[PDB]
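**Q** Need coordinates for the following:
(6 chains)
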Amino acid sequence: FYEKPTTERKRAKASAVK
Amino acid sequence: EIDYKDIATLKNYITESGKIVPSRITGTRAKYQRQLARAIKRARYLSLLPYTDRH
Amino acid sequence: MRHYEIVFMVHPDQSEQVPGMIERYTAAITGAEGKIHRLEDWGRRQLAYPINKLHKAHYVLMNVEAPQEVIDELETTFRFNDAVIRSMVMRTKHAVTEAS
Amino acid sequence: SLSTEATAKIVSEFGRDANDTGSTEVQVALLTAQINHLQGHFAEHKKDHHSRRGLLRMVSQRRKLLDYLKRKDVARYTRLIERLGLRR
Amino acid sequence: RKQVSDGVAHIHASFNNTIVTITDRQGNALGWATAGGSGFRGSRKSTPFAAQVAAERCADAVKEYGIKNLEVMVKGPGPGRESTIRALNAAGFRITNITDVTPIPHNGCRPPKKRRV
RNA sequence: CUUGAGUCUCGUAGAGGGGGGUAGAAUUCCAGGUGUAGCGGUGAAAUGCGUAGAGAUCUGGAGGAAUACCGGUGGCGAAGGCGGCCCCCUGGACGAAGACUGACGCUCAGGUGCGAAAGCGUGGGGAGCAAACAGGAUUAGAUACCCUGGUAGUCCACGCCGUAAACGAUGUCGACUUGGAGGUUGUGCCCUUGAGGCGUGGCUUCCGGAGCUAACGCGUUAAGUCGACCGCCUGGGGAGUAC
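**A** Numbering: from 1, shown residues only, chains lettered A, B, ... in the order given. Right below this line is the structure:
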């Protein structure tokens, strides 16, 4: 994506952090 | 302490193919990890240690 | 004058002229106030992976405290040379004692 | 950049004594030594914009120290900027 | 004929098709059979039920050469990866090693910006 | 005058820039060998590629473009942005003690300079990818989604453009004001025995009463309590449009 993957890896840190 | 040719104490910080093992599998304090990564990358370059298992 | 801890590699099947590399490089670097402070030759070895023909190669170190201007012309001497394979000049890394 | 002895001589002759780094003329001439060195860099690259920010920062601080010389003590100002050729 | 008795089996497990080629270490592909070309066509009828068809025909296609213990390496993901291993092993062969060596890149090129729906 | 601001001694970290090389995987192409009737493609399909030797395989060779793993709620930068490795030049930042100037400061209309991506100009380059354009399905129709090709562009140097949901939708600077848990980078003392304990810095992410808010929420990195400057707002459309 060149701009999503830094967003999902900085969103799903809402998914898979706790 | 660390350098790029202590090749003995690096096969404990890579896998069989040479993919650097992450920190969250070893826990080496985010600095020794960087230095290890550079050592490992310039050891793959210089061919002491393989890029990939087919490399 | 900054510390430069370098590493060479030459085709393994002419280690006869490795002393030629010595008598060239060490002389040319000592000419400029250089000193080969901790030199060690691991000699004939086995790579992690092949290089252009053969799985073997020939490791030597030089590991100088050279001035910066002469080591780059050394690298130029590598660049067109055939008997060498890969160099890796480094930087002082906050110059430390013998490694291995 | 600039070396330790290169700054040491500037602190030496331009300071009222040894270790007078702080007097504004020492700072001015040390900054102008560095600027004169870096013109030779920036004439080589011309696409290094993340260093002309630093060059401009120190040219701006040099002008800001010079104006302070001008108000506080004129004689040192008019004796320095010809020892440097400064304030063209 | 030559009867090398061993060989490196190839499973180019693509997604729409999983063709398999049998060979020894020199890279001399002597026999091969195509899952999606084993009479079968389409996509869901070229799925690994066809892969075992290709495996059995290839076993028939090279049973004249007498290859007993078999090395296999795979390319690509896909359903035509697992069932074919069991099929070829049960089809008069003996295994040597299984792997899928599908070439992950080091960020080299651009593959397409395909379906979006 | 020394507390504001700045110089020097000294180290610490870093995808901060600019210029050079350099490696290997991966797509593609080309040459070679083996041998073979399909390959690809999707919700089924043809266009396509191919019986010549395609796909598949290994052997090499050319080129261009990006740097798997580490990698992170990480780091750096004024922002835009910056990830292989090594060197050359360079820019900041921070921390330990010191020394030195003596208010040298903050903000800044105009002004100057940097400004993602597209786009333009003149010459190269061009592997993939691909607006446009072709051909095949879809649909009621399809100029779209979908597939097969595919040019500009994407890459490089020089020049221009100046815009973005350029966003923390939070201007810069300073002072004050309960706590907790992390992160990253210095450092002081302690048997560092060590990992650290006791402290101290900086940057940083997440909770949370005071307080503030319409509210969500912010909450020592404030949207709290104040100060100095600057920019902007004044119902929706018309309109960021005409001139």
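
**Q** where does the residue of chain D most remote from its centre land in three-state SS?
**A** No residue in chain D sits farther from the centre than residue D:47, which is 24.0 Å out by Cα atoms, centre = their mean. Here residue D:47 is recorded as coil under DSSP: H, G, I helix; E, B strand; the rest coil.

**Q** Give me the outermost residue of chain C relative to its centroid.
**A** Outermost residue of chain C (Cα atoms, centre = their mean): residue C:53, 21.0 Å.

**Q** any idea how far the residue of chain A found nearest chain B is from residue A:10?
**A** Among all residues of chain A, residue A:16 sits closest to chain B, at 12.3 Å; criterion: Cβ to the nearest Cβ. In this view, the C-beta of every residue, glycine as well, is placed from N, C-alpha and C. Distance, residue A:16 to residue A:10, by Cβ to Cβ, to the nearest Å: 12 Å.

**Q** Of these two, give the one with the bigger neighbour count.
**A** residue A:10 (9 against 6; other Cβ atoms under 10 Å in any protein chain shown).

**Q** give the contact list for that one.
**A** Listed by Cβ atoms under 8 Å, 6 or more residues apart in numbering or on different chains, residue A:10 has no contact partners.

**Q** Dihedrals phi and psi, it?
**A** Main-chain torsions, residue A:10, degrees, to the nearest 10: phi -110, psi 0.

**Q** Also the one 3 residues further on?
**A** Note on residue A:13: its backbone torsions stand at phi -60, psi -10 [degrees, to the nearest 10].

**Q** how about the strands of chain C, start to end?
**A** C:43-51, C:54-59 (DSSP state E).

**Q** In a markdown table, list those along with distance to residue E:37 and mean neighbour count.
**A** Below are these laid out as a markdown table (distance: least, Cβ to Cβ, whole Å; neighbours: other Cβ atoms under 10 Å in any protein chain shown):
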| stretch | distance to residue E:37 | mean neighbour count |
| --- | --- | --- |
| strand C:43-51 | 36 | 14 |
| strand C:54-59 | 39 | 17 |
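
**Q** Which of these sits closest to chain B?
**A** Using Cβ to the nearest Cβ, these put strand C:43-51 closest to chain B, at 3.8 Å.

**Q** before we move on, the earlier item: in JSON lines: the strands of chain C, plus distance to residue A:2.
**A** Formatted as JSON lines, the strands of chain C follow (distance: least, Cβ to Cβ, whole Å):
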{"stretch": "strand C:43-51", "distance to residue A:2": "31"}
{"stretch": "strand C:54-59", "distance to residue A:2": "39"}
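
**Q** Make a markdown table out of those and add distance to chain B.
**A** Below are these laid out as a markdown table (distance: least, Cβ to the nearest Cβ, whole Å):
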| stretch | distance to chain B |
| --- | --- |
| strand C:43-51 | 4 |
| strand C:54-59 | 7 |
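
**Q** Which single residue in chain C comes nearest to RNA strand F?
**A** At 3.1 Å from RNA strand F, residue C:91 is the closest residue in chain C, using Cβ to the nearest atom of the strand.

**Q** so that residue makes contact with residue C:6?
**A** No - applying Cβ atoms under 8 Å, one finds residue C:91 not in contact with residue C:6, separated by 10.0 Å.

**Q** Can you pick out the residue with more neighbours from these two?
**A** More neighbours surround residue C:6 than the other of residue C:91 and residue C:6, with 19 against 11 (other Cβ under 10 Å).

**Q** so what's the more buried one up against?
**A** C:61-64, C:71, C:87-90.

**Q** between the residues you listed, which is nearest residue E:98?
**A** residue C:88 (38.1 Å; Cβ to Cβ).

**Q** Tell me how many other residues crowd the residue lying closest to that closest one once chain neighbours are set aside.
**A** Take residue C:88 and drop its neighbours on the chain: the residue closest to it by Cβ to Cβ, 6 or more residues apart in numbering or on different chains is residue C:7, 4.8 Å away. Here the number of neighbours of residue C:7 (other Cβ under 10 Å) works out to 20.

**Q** The helix ranked longest in chain E vs RNA strand F: in contact?
**A** Counting by DSSP state H, the longest helix found in chain E is helix E:48-62. No - using Cβ under 7 Å from any atom of the strand, we find that helix E:48-62 stays clear of RNA strand F, coming within 7.7 Å at best.

**Q** circling back: so which of the contacts of residue C:6 comes closest to residue D:35?
**A** Ranked by distance to residue D:35 (Cβ to Cβ), the contacts of residue C:6 are led by residue C:71 at 29.8 Å.

**Q** Could you double-check that the closest one sits in contact with residue C:2?
**A** No - using Cβ under 8 Å, residue C:71 is not in contact with residue C:2; the gap is 9.5 Å.

**Q** Neighbour count: those two, which is higher?
**A** Here residue C:71 and residue C:2 are compared on neighbour count by other Cβ under 10 Å; more neighbours surround residue C:71, at 20 against 12.

**Q** check contacts around the closest residue to the more buried one other than its chain neighbours.
**A** Leaving aside its sequence neighbours, residue C:71 sits nearest to residue C:4 (Cβ to Cβ, 6+ apart; 5.3 Å). Residue C:4 sits next to C:63-66, C:68, C:71, C:89-92 when contact means Cβ under 8 Å, 6+ apart.

**Q** run the last query once more with 10 Å
**A** Contacts for residue C:4 were tallied using Cβ atoms under 10 Å, 6 or more residues apart in numbering or on different chains; they are C:29, C:34, C:62-68, C:70-72, C:74, C:89-93, C:95.

**Q** Which members of these are classed as buried?
**A** For the contacts of residue C:4, a burial check counting by 16 or more other Cβ atoms under 10 Å in any protein chain shown picks out C:29, C:34, C:62-66, C:70-71, C:74, C:89.

**Q** Could you work out the most separated pair of the residues you listed?
**A** C:63 and C:70, at 14.8 Å, using Cβ to Cβ across the buried ones among the contacts of residue C:4.
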